[PDB]
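This document opens with one chain alone, in structure tokens, the form deposited in one PDB entry.
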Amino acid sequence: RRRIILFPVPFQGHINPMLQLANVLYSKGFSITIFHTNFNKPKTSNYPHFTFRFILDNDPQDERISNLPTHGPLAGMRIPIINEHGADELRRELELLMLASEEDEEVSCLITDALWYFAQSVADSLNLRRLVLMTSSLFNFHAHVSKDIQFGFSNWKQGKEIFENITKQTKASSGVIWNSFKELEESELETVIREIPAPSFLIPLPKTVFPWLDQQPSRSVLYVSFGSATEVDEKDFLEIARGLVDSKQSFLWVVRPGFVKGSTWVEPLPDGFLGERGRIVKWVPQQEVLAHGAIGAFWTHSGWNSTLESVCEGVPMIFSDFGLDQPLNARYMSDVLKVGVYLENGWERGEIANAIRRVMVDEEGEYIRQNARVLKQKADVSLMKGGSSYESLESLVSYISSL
């Protein structure tokens, strides 16, 4: 009857929330098409109820779109190229799908990542309403729209121009879905919502057996995962390893193959690393691990969705920055939400070990765990029938029908 088209940005903290949004909407009775680049294409057999359609970089990519690291900060150069060049092809794919539409179905709206600001005038050209998904925090929006990091950004010409384009095309959209809940960022709400005429909807999107974990005492394991796009130099990998050892905590460390530049997997690890404490794996399902009673803390990339998934399960964090990430976001988590510790000095064994001990062992760290557990309760209540997130979602579903 009603189909929604979703068009995510193809990177860690963008894909997952858009897919989760797809699942929510599927469960409210919408059919789902996902438009996605061939680059970082998700695993489609894991979402058999969605139609996937690959666009924008099909077979003959040709140019620099064909070059370009697949990992680290420069991978994202794909995004400005598509914002600049992708309009006519996005338009064609939208038309092809409307032409093949079955007689009993229609397309309700297009939902894009906010970073895909080019999509607004394309949607407008076809008389299709576009909603936007903000995959990151309300605070992040507030900090850029209105002290040291703010002046770092005022010095950054590309960052500022992209942000102005995002902002204008978000305001022009028919609605904004934020990956958050009201009780998490209650001071940001009024100000952010108000700056944007398009109606806002806050929905916290993050809401199998581990034999080795099952044998560990509660809150005894450090879970370490930097996600799918990140990379480090060999020196940094070794400092991460030295830090884990010196913490003397038990750890489950997820290391993607390719995470260490210049090696397939973990060749640089010293002989007899691991011992009786550590476990290393290539991949695990993160939400499931975070829900396990063995996990005492989560050392993560400072991405917002990772962070939200952790507080939604009551797990405190250690935060590391990668690529072009601004310290802003980990500061907010550390110093305002107070649900983890930020590593200020890159990768250094002493700081690493201290942060692990602070969150997992130290008496004076327990406030952090507690803060995390309060947030988890609030998330639970918000999603409760009657709660603010439950009602936001119900209103969005009805609004989509009214477009």
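Rigid core: the largest C-alpha set superposing within 1.5 Å between the two forms. Throughout, we count residues from 1 along the sequence that is shown.
Below, we turn to the form deposited in another entry, even though it does not appear here.
Just a single entry of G258, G159, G293, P197 exceeds or equals a 2 Å CA shift between this form and the one not shown, which is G159 (rigid core superposed). Shown in the overlay between this form and the one not shown, fitted on the rigid core, is a CA shift at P268 smaller than 2 Å.
With a cut-off of 2 Å and the rigid core superposed, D325 has a Cα displacement that reaches or exceeds the cut-off between this form and the one not shown. Core-aligned CA deviation for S218 between this form and the one not shown: less than 2 Å. Shown here is a form in which the CA atoms of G323 and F259 lie at least 3 Å closer together than they do in the other form.
Compared with the form shown here, the C-alpha atoms of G159 and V339 sit at least 3 Å farther apart in the other form.
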